[PDB]
Every structure is written in structure tokens, then in C-alpha cells.
RNA sequence: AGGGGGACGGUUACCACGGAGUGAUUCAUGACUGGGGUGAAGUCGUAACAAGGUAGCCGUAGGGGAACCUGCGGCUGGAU
RNA sequence: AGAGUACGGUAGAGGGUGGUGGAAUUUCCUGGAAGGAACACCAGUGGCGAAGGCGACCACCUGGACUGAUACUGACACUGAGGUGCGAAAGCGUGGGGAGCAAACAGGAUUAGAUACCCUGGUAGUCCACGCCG
RNA sequence: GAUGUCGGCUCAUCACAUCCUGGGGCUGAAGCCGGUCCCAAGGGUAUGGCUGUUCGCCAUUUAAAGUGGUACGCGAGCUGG
RNA sequence: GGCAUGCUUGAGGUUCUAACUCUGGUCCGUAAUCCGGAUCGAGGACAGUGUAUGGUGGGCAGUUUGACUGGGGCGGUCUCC
RNA sequence: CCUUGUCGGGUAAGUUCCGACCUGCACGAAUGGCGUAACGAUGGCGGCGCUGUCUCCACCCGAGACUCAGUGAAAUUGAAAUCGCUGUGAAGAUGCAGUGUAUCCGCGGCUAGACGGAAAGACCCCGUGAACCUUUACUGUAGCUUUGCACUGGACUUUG
RNA sequence: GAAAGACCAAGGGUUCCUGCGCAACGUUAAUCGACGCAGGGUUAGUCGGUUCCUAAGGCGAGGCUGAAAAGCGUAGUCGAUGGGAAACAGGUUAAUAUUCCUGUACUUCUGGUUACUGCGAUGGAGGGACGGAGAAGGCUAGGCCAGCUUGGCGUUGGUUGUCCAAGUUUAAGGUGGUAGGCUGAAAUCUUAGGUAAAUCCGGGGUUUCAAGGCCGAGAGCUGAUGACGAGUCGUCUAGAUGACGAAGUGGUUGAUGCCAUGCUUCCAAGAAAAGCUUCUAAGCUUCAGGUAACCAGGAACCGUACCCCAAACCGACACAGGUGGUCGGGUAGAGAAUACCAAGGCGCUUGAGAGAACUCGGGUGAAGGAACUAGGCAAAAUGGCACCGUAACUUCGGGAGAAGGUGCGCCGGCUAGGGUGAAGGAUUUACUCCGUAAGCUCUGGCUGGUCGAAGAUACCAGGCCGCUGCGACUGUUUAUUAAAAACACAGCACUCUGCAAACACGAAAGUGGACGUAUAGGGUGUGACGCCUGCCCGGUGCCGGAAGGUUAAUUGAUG
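This is the structure in C-alpha cells:
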């Protein structure tokens, strides 16, 4: 965390997060692949998510969310920057060549770690089935179907706390604040994700948004009646509607979950 | 002050060419209307 | 004849007064304001002095027409 | 002789880091699971530090005095404007936490009225790291 | 099946119910100045500060800073506040 | 009053697997992140879809929104004595 | 709004401006309130310098204008032998009436008229015209949602 | 003269060149033409394409989906604006030339023959293979300065010279391994991986060595005693051609070119695939296949003329417009600005007079100096470099080039260095160090003198200051009357969303969100920052709640 001096009117509010033990260039080439941008656009060519476009060219890193090698110890080579996410990634070298990327946990640099059916818990970074993880311990990178890979708690500094256990399932409080029953056959990694000071950085200037591939938001009271329901009016009007999307869905409080096929898996909502 | 027609023989043939017209059903009947009118070119 | 040497010249430094630009620092004044003092005291009031009718007081944040209340650490200049 | 040191020996909430605790209370739920905070007794007109200050248990890196003497120094002294650090808590920083209470308030009962003491509720805060206020 | 605003600028032209200059009557006109009413249209008849202004209010003039008509004269003359 | 309970039709609950579902693993078609098939796992008679139905619904749509009138609007008026 | 409120400053004089006052027709705290360095082809004021902006224009230099040679358009146009005045008149006349002027025809200029030319008025009214937007107009409807019955089973129980 | 010059892509289509022509076309005339008529003209293993490879994206056997048409898509196979062998100089014409000719190269393929001989995949590895910025340093191209080659000796004073003018050229390729740059290295022992295998790669363990190795711009040769380089001598018709033809060296300064796809640094974290290098599989008779060598032959097809800061393209036009990229000399200069010029190109296809008003684009202006006007609109002014000096306020960066001032040409006198270089000496006897010296070049400091009204003398080149409103800022907007206070924005908050996510496009499959996962994504509002953001939950929305009343299809008691 550094705070830039105001030598120009754009650096006045740039709070920058710089890690000096991140690796200095040349990511691990046999484990990257090509990734082109969508612009938020369908296979019908239609903008289906707005405010997406531009940015920097990026390569996709084949980060392992499954952590399948069991019993084979992996040493950590280096922690790298990943353009595709807000977390860091750690290059692991298994005991038989076999480089892979995982999501880096907090406190890793050249440490040892092994995902298995019964690995050491003290080391944060060991992937493990949710049956034999001790209750009360903070985990991240939780699978949600066995074999599917990690899906939950994998942003920067994200974690979930394993709170209870019964039957074939296991209950864990999520970072969202909601209690979620998850199957105990599926894996999780002990610890907490690495780049937890990511919420401190300030972008500073409008260009810093534009090179993350994010594109400006016209707010709907600035549009015409044909463009948005927040219509027009003379002067600054205030959306005489109730506040609503550009497609007419109400936005300030209205619930939009309608899944029903996974409601029993959610033991308590965001409270 | 550039104008609306900026010529390109590659873009002309991939939008209006013969393979393009006969690739799709709606353009495959452009070529039959334009042949029923008796035109000299039918792909321009 | 002239020379030496003077005198008025020529212009070179020095400088008072004057000029210009931009600042300092002081003095008077200034619509309008904010407290202070002395009065006379009309007024909501009872805030302190008894265990002053909710014990006072001090620092400080915080909050409220007012003479005023809670908290955190503080003191009896606190008494049965 | 004043002042200092070489030698142990205890006494001591010195102070800080990390943990390990317990009951309540609180919050859940079918007696367990969960985490915050101050640690009844030992508590003392007791210790300790220049001062401010400071108590469960545990190690770990560290202070100054006392005293028992034995050694040596040879006034090296005290005080000290300026100068320089260091100073309770509410704070407001710059990041987190989260129980009870509670600054901020809403009403409840009360009075000419509560804006009060009483009654039902809760964020800032105390906690942590660096830093500022002094 | 179009007669395109207000004001300024430029250029005017006519009226007289006269602002100045010229001739007079009456006066509660001593004189200096005036008041009021006749006669008289020859020539003259501001400049600026404010405001988009017409006006107006002000500063300083002048012998005097007149009142009206002319598509509230004038945009195939200008400007465009 | 009713007794035990067989034979059974209505609303619960959690459960069972075999419908269904899986944008999970693994095989095979296959030299394929499609797709089927096989199997393992998960959910499970739920979800989801068809059909019938209540509710919401300017997201979208077809429209309506009178006449009189000393121009139009505002107001008044509109039939009968 | 009243309104150029009132007072102070700036000017010789200031409806603007600055600073105030509070009598806020009709400010107000994320349709954010009040400040704010830097920034601005931003709005309003004031000063220095500078000047043809102006008093008030003078001269000059090039390109048109004018003339000669060659080429050669346009809008418009019922027809024209196409004056002023004062009346009249579908109510502002080259054309009527009365009357004054006035030989015939170009060229250069200037634009007062020809209610000059250009666009079947844009304002306004009209039309049981249109379009597009709005909603708490009417009638619907996509989407979302509720239940019945299908796909859809057994097995005990709480239960009638 | 950073083009009004030379080129390339695109686009056009014969506009190119020559002979004959002038009706029409050409804003006039035309003998001329981008016009008419007829002939001619475009030569490639190396330049561009095809062929090889892929990106976005398109199509898409089967397949999934949909009234139909069709949608989506896997295997696949299309699609360059990217990646993949390789040539340069001088000749030559009316018009083509890296294509023809000459000379010297290079690259790849095929058939041979000879020798010893593990070959082989579309599969595994390696490689190709890459961002932004910023700097040194090494070079070269280019430029500038002499001898004598060569010609000159001046219409007007001087000019046999310390004078004048022109020329002083030469490539790819070989060879060298030159600065510099990256990096340890092989010998062996084995191995849960690179979906089978592997001698390759990856992982783990052992042996010694200071130098391996991989890349890499620059000279001299001789490529090259070659080619190029005024004109004579005579022939033929002032004018072509055959023969001959001279110097060709050195020191300076150098790039925006090359080393360099190098180094340093920063986050926004920076194409794929093939050719290539290598490994084995299924296979082979272990002939075929492989690897060198020698010999012999081959490299198809298509484009090539001309125009491109345009009269040949886009603009109805021989139209002040537009149009991607490349090169870039001299003096002044920071410069690719600008002025004047070189190479090169051009006089813009109506002219001639005349010298009114008025109109346009300028020049100077007495005395005033914003009195103009809606408004300093416009014009005038300021303008460079070095040094001095510089306020409020500030978010400590700024404001600031604030404001204001001084110096400035040319000629000498004196003086401080810096870079290059070598008369010869150290040795690694050479693509090297030390340092002679001069020469050449760059930047000072102090002192005079001198001329004009004036020395950043032209072109070029900020006007400044004081109160204020609004928006924080860079940015964006009504192509064609509005550039703003509007929009965007960083920051802020609210709300939804547990992943087959909310959401969006789709009768649907599917896709986007996202190969992301609550520090994330969508939506709404505010709009840096500082101080803050009061009261109201009735209405309407949303969130939660008992469980009562009313309520739909369905059911079908009873009459």
C-alpha cells in the first residue's frame, strides 16, 4: 500500500497496492492460454452485460480449482500476478515435475503443501475434503459439487468459516453473511486468500477504470423517456418512478432469487 | 469531408457477391427476382 | 611660431530629490456583525449553596431555547 | 565521606509480545456448538515505575533500586531558562472487530414541560497495529 | 400556396399642438428674470454611466436638448443584445 | 359415548429410489470442453415443462381524451317548464 | 414576483458587479448542503498595457467592380404601350376617378415600392388527421408469480 | 522544396508511349491534352499474391433446438490487417525492369551415384513468441571541411592564388567473430509427471572443471587491376552513336537507421498456429527411410503499363475538400516549426486594359485612447534564451513563465576545459592499452573596441492582473446553428445476486455475465476533497409477519 504524491491532477488520489515479493515477469508458459475479450456481447452480437469494453490484453492462467494430486507434495515456486482475478496465484511444483497454479493463500512464498485425504491442517493452503476439516476453521476455495472444482470464496481475501456438521453435509458461514449447507465429500483449502488489501486501493482517475475493461455508466435520469424508465423531464428531475432498471425491474429492495431447486441447501439467508 | 462510399473490392464481394447472395435463402431469391427481371449482371 | 600650465568643454563613476512595478509593516476609518462590562431589571425559569429537593465540580468528546445532560477515564473541594 | 561500577540473593499488579483459561452473562439450537470484554477471592494506609501509570495462568527477550558485604574510581557533584523526549480517558485519524453497557436517539411511564433522573431498545467507542493530539 | 419582431446604426421626410432663435397682447410685468396667450415651421435642436432596451434614473453640458405622423418610417441598408 | 385394527379417500412432515433433473466425476463413440450412450455421485417425486386458472404487469400494444365559444384556452352551458 | 429592495464599495454618473442585511412570492442537507487549492476556447464585473473599436475617417497596396476580346448561366415571368399626388376600392393602387408632371433609349450606381423572389406558414385556429412519449385513462398483453390436473412413484407416521 | 518532390497499399481500369488528328470534350483559343482513330507497351525461384499457418469472425458432417424458413454449434476448414525459404550493383527505351542484359550471389526442390548407416506420427517437448515507458553506449547511412586530378583566369576596380567551379562513386554476398548481450557447464545414477511410449522435456540425487557455449551490429579485402566517372577523335544525319577516357584519399560530425525481439523500470501483466528443433508410438526386413559428399537438372501459376499530398481514387465537375503508410539534403534553428534554397517539380487552361463609388484581403496614420458596442467583437499589443526577482492562497504538488527587471550584433585581446587522434613505446606481436602532438570539432569565463533609430533587428514567437458564479480535475456531446453549468469520471452510498447467480440476448437450445465467485458481478442514485448529511414510515413501493376474513379454475351436496 502506497499513496502517490500529487504531481499531476490524476495522481492526487491514486492509492496503489504494490507487493514486492510478487514475481517479476515471464509467467509459466506451458500453463497459459489465449483469451480474447467479448465487449459484453452475446453470440447474437448483442450487448447483454453493459459497461464492458476495452482494457489490456490478457492471457488466461490455467489455475487448478480441483487440486487432484493426492499424496504428492507440492513445493511453492513463486507467487504471481493474475490479470483474471483480484487474488494472487501461486506456482506449485509437485514432486514429479508437474507445475500447476492454485489460488495463493495468505502467507506463502516457498512453503510446502499437499492436498490429500488426510493432510496437515496447520499449513494454510492444504486442500482437503470437508469431512476431515476441523469445525471452526476458516477455509476458502470450496467445491460445491465433487469433481467440479472450487467455486465459493475465491476472491482476494475471501474466506468462509466452517461452523457446523451433521450427516453427509457440512454447514459453513459464507463471507456474504449467509449460512450455506455444503456436501462434505467435496474439497476445500485451509486458510484465507492472499491479496486481502485489495479493498484499500483507490483508482484515482477515470482512465484507471477504462483499462480494466470497464466502460462508463450513464445513469438513467440522464436519458430520455424512450431510453430508460427514469424518463426525461425539464431540468434535473429525480425519477418520479420508483427506482428501477432500464428494463423495468425494481432495484431498491426487491428480491430476485427464484431458484427453488437449491433452497434447502441454504439454511439461513444474508442477515 | 469524407463521403459515404469508400470503395473496397473485398468488402464488396463478401457483402454483395455471388457466393454471399447464394449462401442465404433471402439472398438466393434476390438472384431469382433479379433474373426474372432479366438483368444483365445480377451481382453487382 | 610655440610649449608648459590653467580655464570653459566633452562624458565617466558617485548620489539627494523624483519615477515605476510589486511586497511588507503600522495608524485611522468601514456597511454589517460577535461577544464583554455596567445598568435598570420585564421574562421563561430554579442552575448553584442542606444529601438545594436528580450531590456538586473538573477535563474532554458528544448532544440539546437557556440558567443546562449522558458516556469514558477523574476528584472528593462528599455525607448517613 | 558524595556519586558510580565487578559478586549473588530474593522481593516486586515493572512493561510488552504470543497463548492457555473459567464462570456468569449474551447469542443461538437440539446439555452441546459459537466469541467478545474484564479477570470475584489472593488485596493490603502493599509493591513497582522520574511520572503517567499498572492484577486469571504460562513461558519467552528485557528495567531500576534495595541489601549483604567484599573490591576499585578520586567530586566525576546536585540543580538547571532555553532545549529535548515521555504523559489518564473522551477523540478524531489509518485499517479491523464485535458480547454487555452506552455516548448519538426513539418512544414508555412524569411533570406547566423532559429536552431529566427512572422504562424498552442501538451504531461511534473502549480492543488491535502504526501515528497524531499533549 | 408567408405582409419575417423590440431596440440600436445608417439615412431620412412631413406636420405644428413651437424646445431654441424672431414679432407681439395682457399681467398680481419696477428692473434681472418670469407667468400666460397669440403670430411664426426659416435654420438649429447633446454627450456619457446603468440596462437588450423604448422610456426612465443619474453625471456634465447647451441658445435649446420639442411633440407627433411616416407598416409604433427604414433588416432584397446593417446589427441580432 | 365409541374400542383395537384390517379395507380405504383428504391436508402435513421428514424419509426411500426407480420417474425426472445435473451448465459433477469417469469411460466409449473419438484425434471432440458439442452431443449421445454406459456408469459413479448429487438432488429427488421436489424442481421443471405442457395445460387450466387467480394475481401483478406502461415491459409492450391498439386507442380514446365531445360540442358551443364576438380566435383558442379558463369558466359557464347542453334536456324540459 | 414586488425590484433598479435597503445599506456599504467601486464610477463624474453603475438596473450589471463586490461585500452585507434578512422582509427566503418560490433555499436546504447524496434530484445532496456549505466551502474549496488546482483546472476551464465556462458565465458576470473591474484595472494596466495596447490600439481606426470610436470621435472621423484620410491615404496607399493587391483581388473584383468598369471597359474591350472569347465563352456563357440563375431564381422569376398572365400580358404589358410598366409616372407623382389626392381620393376611391376585398378597407395601404403603375393600371379606377380627378389632376399635375413627363421628348426617345441606354450605362453606372442606390435599394423606397412593385404588400419584390425563395419554402401549398413553422406561431394561431381547424380536422370526430397522424406520429411518438407519459400515466393512478380504457382495453389488452409479453414477462414474472399462485394453485388444480398431467409427466409422478412406495413407505410409515402428525393428521381428518 | 517534411512538398506543388520522389515512392508503396488501396481504388480505378489503358488514363502509359508513339504516328495521324480537332468535330465534340477542355469554363476562352488550341497546332496542345488525362480527348478522337490506329498501332505498340506491363518479361521474376528472390518484389507482391497463390501455395503453408493461424486471430477476430464466418461456415459447419453428425448433433442439440425450433410451426416452417431456420437458430446454435462439435469434429472439422475457411478467413490477414499477423507468422513461414531466399538478390544486389551497373547497363539498357518512346513506353518495362531488384523481372530483360551483364557481373557477382543466394535459397529450396527433384532424379542420380558412393559411403557408413535407426527411420518414423497430425502425438510429447523445445522454439517461434511478442506490452508500455525510459535511458546510456557502440556504430553506420548522411552531412561538413584539402591536395592535386580536371576545366577556369573573368564585359566592371581586384583575381597565377592562401582564388573559382564541377568531380572526388561502388551493392548484396562471402570472410572475419570486433563492441556488446544473455547464460554456468558437461560426465553419470535414477524418477508417482508431460493422457501410450520415449534416448527428448520435467523432478530428485552425484563428479570435477574457469571457460564452456548460444547470439552480435562494425573494417580490410578483394566481391572489384570490375562497374561507374568531362569529353575528344573521326564517321553518319545543330544534333545521335562505336572506340578511348582522367582523380577516386583523409580528418571531422552523425542519426528518427542498426546492435535491439538488448538493458533498466512500471502495472494495466502484454496474439494464436505453422514452418522449425527434438522425442518416441503404430510401424520396418531392419533394402525402404535417414545423414553428409559429389554429379546433373528444375523452381509452376497470377500481378507488374499508368495515376496516389490525385484532372486516373471518394466528392454529379479537369471541384480551395477528403485519402493508410514510406523517404527526407543545405544555411539559420530546439526542431520534421519557420524563412530562404539544392535534388526534383511547377506558372495552378480565359486574357488584355482602366486604376470611380462600393466590396474583399492587407499597410501606415496627426490629437485623443474603449468616448465604440449588447459585449474590447475585431484589430493592436505581448512573444526567444540566460540570469535576477516573484504576492495572496494552497489539498504542500502548486499557483509560477505570477507580476516585474537585466543582458543580447560584429570585431579583437586574454584564458579555462571536453571529445576524437596518434610520433612511438608496453604484448595478448593486434578488429588493443597508455599517451604523443598537430589537425578537426563542441561549450565556456573575464576584458576592451565598434556601427546604427533600433542587435531574440526578418520569419517565428505567452498579453497581464483583481473580485466573483458554476463544474473538482484530463476527458465526452447535438456529423450539418447549442462544447456548456449538460454527460462521463475517481470517490461515496443503497439494493439485488450462493453460482446452472442476479441480469441480459434468445419461441428454444444456447450464449453473454465468466472460464469470474460476495474485496465478485448486475442495477440505482450522488459526483474529487474538507466540514457534514436534520425531522417525517401517513400515501405509494419494497422487506418480513401471523394466521383471521374475502377470493380463481377444479370439485358437484341439495333443490
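Protein chains in written order, with the authors' numbering: chain C, 3 to 273; chain 4, 1 to 44.
All C-beta atoms in this analysis are idealised placements derived from N, C-alpha and C, irrespective of residue type, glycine included.
Hey, how far is the Cα of residue i from the Cα of residue j?
i                     : j                     : result
residue 24 (chain 4)  : residue 15 (chain 4)  : 12 Å
residue 73 (chain C)  : residue 190 (chain C) : 16 Å
residue 62 (chain C)  : residue 153 (chain C) : 17 Å
residue 263 (chain C) : residue 184 (chain C) : 14 Å
residue 199 (chain C) : residue 13 (chain C)  : 20 Å
residue 7 (chain 4)   : residue 208 (chain C) : 38 Å
residue 145 (chain C) : residue 171 (chain C) : 13 Å
residue 248 (chain C) : residue 241 (chain C) : 12 Å
residue 133 (chain C) : residue 188 (chain C) : 8 Å
residue 265 (chain C) : residue 43 (chain 4)  : 60 Å
residue 148 (chain C) : residue 86 (chain C)  : 24 Å
If I follow the unbroken beta strand (DSSP E) through residue i, where does it start and stop?
i                     : result
residue 191 (chain C) : 189-192
residue 88 (chain C)  : Looking at the DSSP string, residue 88 (chain C) is not in any beta strand (DSSP E), and its letter there is neither H nor E.
residue 61 (chain C)  : 60-63
residue 80 (chain C)  : 76-82
residue 140 (chain C) : 140-142
residue 211 (chain C) : Per DSSP, residue 211 (chain C) belongs to no beta strand (DSSP E); it is in the alpha helix (DSSP H), 208-212.
residue 165 (chain C) : 162-168
residue 131 (chain C) : 129-131
residue 54 (chain C)  : Taken as a continuous stretch (DSSP letters only), residue 54 (chain C) belongs to no beta strand (DSSP E), as it is neither H nor E.
residue 35 (chain C)  : 34-37
residue 269 (chain C) : 268-270
residue 182 (chain C) : 181-185
residue 153 (chain C) : 152-154
So, using beta-carbon positions, are residue i and residue j closer together than 8 Å?
i                     : j                     : result
residue 104 (chain C) : residue 91 (chain C)  : yes
residue 27 (chain 4)  : residue 35 (chain 4)  : no
residue 135 (chain C) : residue 192 (chain C) : yes
residue 197 (chain C) : residue 159 (chain C) : yes
residue 82 (chain C)  : residue 64 (chain C)  : no
residue 216 (chain C) : residue 25 (chain C)  : no
residue 33 (chain C)  : residue 101 (chain C) : yes
residue 253 (chain C) : residue 246 (chain C) : yes
residue 234 (chain C) : residue 227 (chain C) : yes
Tell me where the alpha helix (DSSP H) around residue i begins and ends.
i                    : result
residue 16 (chain 4) : 9-16
residue 36 (chain 4) : 30-36
What distance in whole Å lies between the Cβ atoms of residue j and residue i, which are believed to be in contact at a cut-off of 8 Å?
i                     : j                     : result
residue 89 (chain C)  : residue 156 (chain C) : 7 Å
residue 4 (chain C)   : residue 202 (chain C) : Between residue 202 (chain C) and residue 4 (chain C) the Cβ distance is about 11 Å, and since that is not below 8 Å, they are no contact.
residue 181 (chain C) : residue 259 (chain C) : Incorrect: roughly 15 Å between the Cβ atoms, too far for contact.
residue 27 (chain C)  : residue 213 (chain C) : No, residue 27 (chain C) and residue 213 (chain C) are not in contact; Cβ-Cβ is about 19 Å, not under 8 Å.
Would you call the region 35-51 of chain C and the region 67-76 of chain C touching, i.e. three or more CB-CB distances under 8 Å? no
- Query: Is the region 112-121 of chain C in contact with the region 136-143 of chain C, if contact means three or more CB pairs nearer than 8 Å?
  - Reply: no
> Below 8 Å, can you find three or more Cβ-Cβ pairs linking the region 208-224 of chain C to the region 160-171 of chain C?
Replying inline: no
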